[PDB]
Amino acid sequence: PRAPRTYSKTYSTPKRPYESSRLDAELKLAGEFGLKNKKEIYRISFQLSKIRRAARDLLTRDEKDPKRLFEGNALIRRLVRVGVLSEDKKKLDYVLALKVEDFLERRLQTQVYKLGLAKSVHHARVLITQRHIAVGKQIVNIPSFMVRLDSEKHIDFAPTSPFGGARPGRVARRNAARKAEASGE
Amino acid sequence: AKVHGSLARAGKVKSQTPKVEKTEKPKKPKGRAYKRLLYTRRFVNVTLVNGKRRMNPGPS
Amino acid sequence: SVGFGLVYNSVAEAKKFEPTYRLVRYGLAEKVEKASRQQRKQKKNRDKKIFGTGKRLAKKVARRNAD
Amino acid sequence: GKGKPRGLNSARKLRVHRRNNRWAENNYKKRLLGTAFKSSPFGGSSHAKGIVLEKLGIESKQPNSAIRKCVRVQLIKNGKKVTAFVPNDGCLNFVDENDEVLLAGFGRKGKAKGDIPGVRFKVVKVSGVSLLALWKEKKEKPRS
RNA sequence: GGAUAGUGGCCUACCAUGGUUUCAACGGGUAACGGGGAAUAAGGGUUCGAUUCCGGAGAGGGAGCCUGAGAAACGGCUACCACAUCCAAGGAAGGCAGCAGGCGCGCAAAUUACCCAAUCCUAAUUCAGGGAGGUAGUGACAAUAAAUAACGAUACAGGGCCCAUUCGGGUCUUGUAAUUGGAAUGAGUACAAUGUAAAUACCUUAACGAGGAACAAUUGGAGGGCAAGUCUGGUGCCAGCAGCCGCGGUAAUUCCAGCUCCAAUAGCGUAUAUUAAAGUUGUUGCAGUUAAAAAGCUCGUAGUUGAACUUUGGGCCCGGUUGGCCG
RNA sequence: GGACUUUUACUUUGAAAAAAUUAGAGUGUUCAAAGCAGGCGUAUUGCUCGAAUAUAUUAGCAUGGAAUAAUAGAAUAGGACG
Ligand SMILES: [Mg+2]
Ligand SMILES: [Mg+2]
Ligand SMILES: [Mg+2]
Ligand SMILES: [Mg+2]
Ligand SMILES: [Mg+2]
Ligand SMILES: [Mg+2]
Ligand SMILES: [Mg+2]
Ligand SMILES: [Mg+2]
Ligand SMILES: [Mg+2]
Ligand SMILES: [Mg+2]
Ligand SMILES: [Mg+2]
Ligand SMILES: [Mg+2]
Ligand SMILES: [Mg+2]
Ligand SMILES: [Mg+2]
Ligand SMILES: [Mg+2]
Ligand SMILES: [Mg+2]
Ligand SMILES: [Mg+2]
Ligand SMILES: [Mg+2]
Ligand SMILES: [Mg+2]
Ligand SMILES: [Mg+2]
Ligand SMILES: [Mg+2]
Ligand SMILES: [Mg+2]
Ligand SMILES: [Mg+2]
Ligand SMILES: [Mg+2]
Ligand SMILES: [Mg+2]
Ligand SMILES: [Mg+2]
Ligand SMILES: [Mg+2]
Ligand SMILES: [Mg+2]
Ligand SMILES: [Mg+2]
Ligand SMILES: [Mg+2]
Ligand SMILES: [Mg+2]
Ligand SMILES: [Mg+2]
Ligand SMILES: [Mg+2]
Ligand SMILES: [Mg+2]
Ligand SMILES: [Mg+2]
Ligand SMILES: [Mg+2]
Ligand SMILES: [Mg+2]
Ligand SMILES: [Mg+2]
Ligand SMILES: [Mg+2]
Ligand SMILES: [Mg+2]
Ligand SMILES: [Mg+2]
Ligand SMILES: [Mg+2]
Ligand SMILES: [Mg+2]
Ligand SMILES: [Mg+2]
Ligand SMILES: [Mg+2]
Ligand SMILES: [Mg+2]
Ligand SMILES: [Mg+2]
Ligand SMILES: [Mg+2]
Ligand SMILES: [Mg+2]
Ligand SMILES: [Mg+2]
């Protein structure tokens, strides 16, 4: 007899099982941004579809309708806030446009590579997941973080690990221990 | 129709195909890296284009 | 690390407003340990079957040792 | 305006007319009559575990020519007798009479599968250890 | 009038003949507790709700009742019925649809563990009690995030490209490589402190902890629908596959395997149901000459439906909310 | 306060409207499913934003409309006003 700890799922799965075109395009997307699943694509296209839906429902209301104004704006300022929606096209008919890549480009996965720092979307994966890089002094290790535009400036290696000082790490310290134990005494 | 046919031969062909054991082969990468492998195999450097494209051809 | 702290105006006020597991935790009170939970319960349930002091039933059972 | 009453207060006639013609839908009729529970060897349930009576060699239908290795099974909740296929090369070696098998449907809503005449079920487990594992050899049948 | 806390055929006495029904009474079925709700996403719908909240009902089946503000109570009594326990054979006792735990049933579901620290509840009450409730154990029920690798160098091979009278390789890298190179990390293990009622895990973090013999990804599939072979070996209408169309009787693109390959991936197959596809239930929105389907015909009650016409036209004022051109 | 009034359907707006659920705003649970937090300094003696909004229909209530549909009226005048 406790409150239901509510949940929902975050992806949808394509109606047509075997569409070469869609499998080609999806694959290119995994090899472009360094994803491991078709789920990582499905999940984002699920977000896009719930957005596009609300966008359509709002667009059918009258202009200057109180709900259309209140919720439409919140959605637009929300999409601008993370970096999917450009400043120029800032009036929900572009959110009705949009596409998956605009969402993909904003992942901490893709940003850590984007301003150097990695020079491989995969080196970007392994770096993030391995506790390097952060935003504040706050480490994040989720490839799908999505860089919040105004924290783009704070993508650096973290106070810990190599690449940002503090230590080399038990690999290199083992080798330095092999030099100090073999060559000397 | 017939319901009491012979039953001796049940399991025949599996029992008389010659056992060939598997072959020890390079370990294939799991997860994202495998997708990478597919991407560079299917799109980056390409393979043949004999008329169009093929994926599992033997001798051609 | 983010926690929570209380500071009392005296040490009698802490000893009297604090959960007795924190006084145990710090060094300001013993952990008076007792029987298991179902142990005490079972002692209660035993003790429900007796009406009165109980020594009277020892002496009445003492007469059962003969016959 | 052929057939249906179009008017604004004939919702009664339209409802009833729908009710009546739902009965011509074979799956509405099944669901409402309770056929699931009444006929059918399973209870309506998804599976049912029974006992092996005898091992049969059903001859397949035309234009195929085979012997289809099955088992007559008597359901534990029904005592109903049911002839069930033993799938994959071998496997009829794995059963034996009086054994305890888990029959499942064939995936055709009733109805016999391919050329196996009048077999509407298939064996999924024997002796609690599942054909598949035995066929490949991941498992081994219990002692007795 | 009696009875009830009280209205009332609730009950009794007298009196009447009424009440319901094709706008479906009455009866039968329900593998029926009702609702908040759930699944399915053009819409209209279809299906579902034993189950975290609300209401109801029950405590093996019936009835009866004591106590009391409140029960027709069952972790209360009383009787019967059905179960069923102990015995010294005289008797006496039990009611898990509470917590755990067992048998049974089955396709189908976990510990006879810890605590009142929290949420709240009760008493004479700050304190006592609480299998309410919380903690852990079992737990791939559903849901979330997402490791299984990242980066150089070298050996040729290229595709580039300037030049080509012609050796060609040299820079910018595409990468297939059976020697290489140092880097990185938690999975685990584990001081410590954090955590907690006490624990256990998580978040922290000393010491450890990756090179192919791992710390080694799976589940189906590769004739069509349907994404991937006409490779090799086997069998020879057999064994088997095959939702469906169909494969197998000696060069099997469907079987048994090896190789390679495809799809989804810490998940994937199967069965049963249901929803979509389904405008194959059609209100939206079906069809009925010959494919399924107009009653042989006419009357006709319920039902559905039902021609036009009754203050229209002109005049005046008042104040709003968008939008323009200026601000 | 007295005296009387033909009946409806439709639509409008509004009240009465549990929570969780759905839709949805805000908030960087490191991301996410969630949760309803949280955010600022003099971080030695406090300052502060929140915890929205929507749907919620059929019936009943309450108000506006008077098109479209019904209904009643005066013909053995037992009609209307005074
Ligand atoms: Mg570290
Ligand atoms: Mg106790
Ligand atoms: Mg006592
Ligand atoms: Mg018929
Ligand atoms: Mg039929
Ligand atoms: Mg038989
Ligand atoms: Mg009364
Ligand atoms: Mg009568
Ligand atoms: Mg009558
Ligand atoms: Mg009827
Ligand atoms: Mg029932
Ligand atoms: Mg129901
Ligand atoms: Mg319910
Ligand atoms: Mg039930
Ligand atoms: Mg009530
Ligand atoms: Mg029982
Ligand atoms: Mg009772
Ligand atoms: Mg009770
Ligand atoms: Mg009886
Ligand atoms: Mg005696
Ligand atoms: Mg129990
Ligand atoms: Mg009980
Ligand atoms: Mg209890
Ligand atoms: Mg289960
Ligand atoms: Mg159990
Ligand atoms: Mg408590
Ligand atoms: Mg408990
Ligand atoms: Mg409990
Ligand atoms: Mg566990
Ligand atoms: Mg592994
Ligand atoms: Mg290490
Ligand atoms: Mg290794
Ligand atoms: Mg395989
Ligand atoms: Mg194909
Ligand atoms: Mg055929
Ligand atoms: Mg062959
Ligand atoms: Mg095939
Ligand atoms: Mg093959
Ligand atoms: Mg799937
Ligand atoms: Mg449709
Ligand atoms: Mg049909
Ligand atoms: Mg309509
Ligand atoms: Mg339409
Ligand atoms: Mg049709
Ligand atoms: Mg005809
Ligand atoms: Mg005719
Ligand atoms: Mg007739
Ligand atoms: Mg008319
Ligand atoms: Mg006018
Ligand atoms: Mg309203």
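Residues numbered from 1 in each chain as written, not as in the entry; some residues may be left out. Chains lettered and ligands numbered in written order. Part of a larger assembly, values for the part shown. Heavy atoms only, no water.

- Its PDB header attributes the entry to X-ray crystallography and lists the resolution as 3.2500 Å.

- Looking at the PDB entry, chain D carries the name 40S ribosomal protein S23-A, with the source organism given as Saccharomyces cerevisiae.
- The header of this PDB entry states its title as "Crystal structure of the S.cerevisiae 80S ribosome in complex with the A-site bound aminoacyl-tRNA analog ACCPmn".
- In its Sequence similarities section, the UniProt entry covering chain D states "Belongs to the universal ribosomal protein uS12 family." (UniProt positions renumbered as here; feature names shortened; annotations may be inferred.)

- Under the PDB entry, the name given to chain C is 40S ribosomal protein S24-A, and the source organism is Saccharomyces cerevisiae.

Some points on the protein's contact with RNA strand E
Part 1: Around RNA strand E lies a shell of 123 residues, among which A:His123, A:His132, B:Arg36, B:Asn56 and D:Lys4 are the nearest.
Part 2: Restricting attention to atoms of RNA strand E within 4 Å of the protein, one finds that 74% of them are sugar or phosphate atoms.
Part 3: Separating a phosphate oxygen of RNA strand E from a side-chain N or O atom of A:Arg43 is a distance of 2.5 Å.
Part 4: At a separation of 3.0 Å, a phosphate oxygen of RNA strand E approaches a polar backbone atom of A:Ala172.
Part 5: The dominant element in the surface near RNA strand E, judged by the number of residues it contributes, is helix 2 (residues 32–44) of chain B, at 8 residues.
Part 6: In terms of residue class, the surface near RNA strand E is made up of 38 nonpolar, 37 polar and 48 charged. (Near = heavy atom within 4 Å. Polar contact = N/O pair within 3.5 Å; in protein donor to acceptor, adjacent residues only side chain to side chain. Helix = DSSP H or I, 4+ residues; strand = E, 2+ residues; numbered from the N terminus. Nonpolar A, V, L, I, M, F, W, Y, C, P; charged D, E, K, R; others polar.)

Description of the pattern of salt bridges
One side chain can pair with another of opposite charge once the charged atoms of both are near each other.
Residue and element names in this part refer to chain A.
Part 1: Under the defined criterion, the tally for this structure stands at 17 salt bridges over all chains.
Part 2: Among the ionic pairs, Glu 40 bridges to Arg 43, the shortest N-O distance being 3.4 Å. Taken together, the residues span about one helical turn, with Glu 40 and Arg 43 both in helix 2 (residues 39–59) at a distance of 3 residues.
Part 3: In this structure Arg 43 comes out as partly exposed when scored by relative accessible area, which is 25%.
Part 4: A salt bridge links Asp 57 to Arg 53; the nearest nitrogen and oxygen atoms lie 3.9 Å apart. Of this pair, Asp 57 and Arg 53 both sit in helix 2, 4 residues apart, which is roughly one turn of the helix.
Part 5: Take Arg 53: its relative accessible area is 43%, and that puts it in the partly exposed class. (Salt bridge = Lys/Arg side-chain N within 4 Å of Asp/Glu carboxyl O. Buried < 20%, exposed > 50% of the residue type's maximum accessible area, 1.4 Å probe, protein only.)

Details of the packing of helix 2 of chain A against helix 3 (residues 66–82) of chain A
Residues and elements named next belong to chain A.
Part 1: In the contact formed by helix 2 and helix 3, the axes pass within 10 Å of each other and the chain directions differ by 150 degrees. Judged by the twist between their axes, the crossing of helix 2 over helix 3 is left-handed. Contacts between helix 2 and helix 3 involve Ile 51, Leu 58 and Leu 59 on the former and, on the latter, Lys 67, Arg 68, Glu 71, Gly 72, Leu 75 and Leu 79.
Part 2: Its residues assigned to classes, the contact of helix 2 with helix 3 shows 5 nonpolar, 1 polar and 3 charged. (Axes fitted to C-alpha atoms, helices over the stretch in contact; angles between N-to-C directions. Left-handed = near helix turned anticlockwise from the far one by under 90°. Contact = heavy atoms within 4.5 Å.)

Side note on the packing of aromatic side chains
Part 1: Scanning the model with the defined rule gives 5 aromatic pairs over all chains in all.
Part 2: Over the ring of B:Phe43 we find A:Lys28; its NZ or CZ atom is 4.9 Å from the centre of that ring.
Part 3: Of note, D:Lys113 hangs over the ring of D:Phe106, and the distance from its end group to the ring centre comes to 5.5 Å. (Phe/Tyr/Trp six-rings, centres within 6.5 Å; stacked < 30°, edge-to-face > 60°. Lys NZ or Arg CZ within 6 Å of the ring centre and 35° of its normal.)

Points about the interface of chain B and chain A
Part 1: With 9 residues of chain B in contact, the opposing surface of chain A contributes 13 residues.
Part 2: For the pair chain B and chain A, the summed buried area comes to about 990 Å², and 70% of that belongs to carbon and sulfur atoms.
Part 3: Looking only at chain B, the three residues that lose the most surface to chain A are B:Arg32, B:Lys35 and B:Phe43, adding up to 61% of its buried area.
Part 4: For the pair chain B and chain A, the interface holds 0 salt bridges. (Buried area = accessible area lost by both parts, 1.4 Å probe.)

Re unusual backbone geometry
Part 1: The amide bond that connects D:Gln62 to the next residue, D:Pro63, takes the cis arrangement and shows omega of -10 degrees.
Part 2: Inspection of the secondary structure assignment puts D:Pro63 in the loop between strand 1 (47–56) and strand 2 (70–75).
Part 3: Phi at A:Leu149 takes a positive value of approximately 55 degrees, unusual for a residue other than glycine.
Part 4: Mapped onto the secondary structure, A:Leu149 falls in the loop between helix 6 (121–129) and helix 7 (170–184).
Part 5: Despite not being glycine, D:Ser40 has its phi angle at roughly 70 degrees, a positive value.
Part 6: By the secondary structure assignment, D:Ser40 is in the loop between helix 3 (35–38) and strand 1.

Quick look at the environment of D:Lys49
Residue and element names in this part refer to chain D.
Part 1: Here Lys 49 lies in strand 1.
Part 2: Taking relative accessible area as the criterion, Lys 49 reaches 41% and is therefore assigned partly exposed.
Part 3: Considered as a pair, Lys 49 and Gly 128 are 79 residues apart in the sequence and their alpha carbons are 9.9 Å apart.
Part 4: Contacts of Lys 49, omitting those with residues within four sequence positions, involve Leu 75, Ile 76, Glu 100, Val 101 and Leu 102.

Overview of the pairing of strand 3 (residues 81–85) of chain D
Residue and element names in this part refer to chain D.
Part 1: Most of strand 3 sits inside the fold, with 4 of its 5 residues counted as buried.
Part 2: The pairing of strand 2 with strand 3 spans 5 bridges and is antiparallel. The residue of strand 3 that forms the bridge with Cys 70 is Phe 85.
Part 3: Two successive antiparallel strands, strand 2 and strand 3, enclose a turn made up of 5 residues, where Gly 79 displays a positive phi of approximately 60 degrees. (Pairing = 2+ DSSP bridges.)

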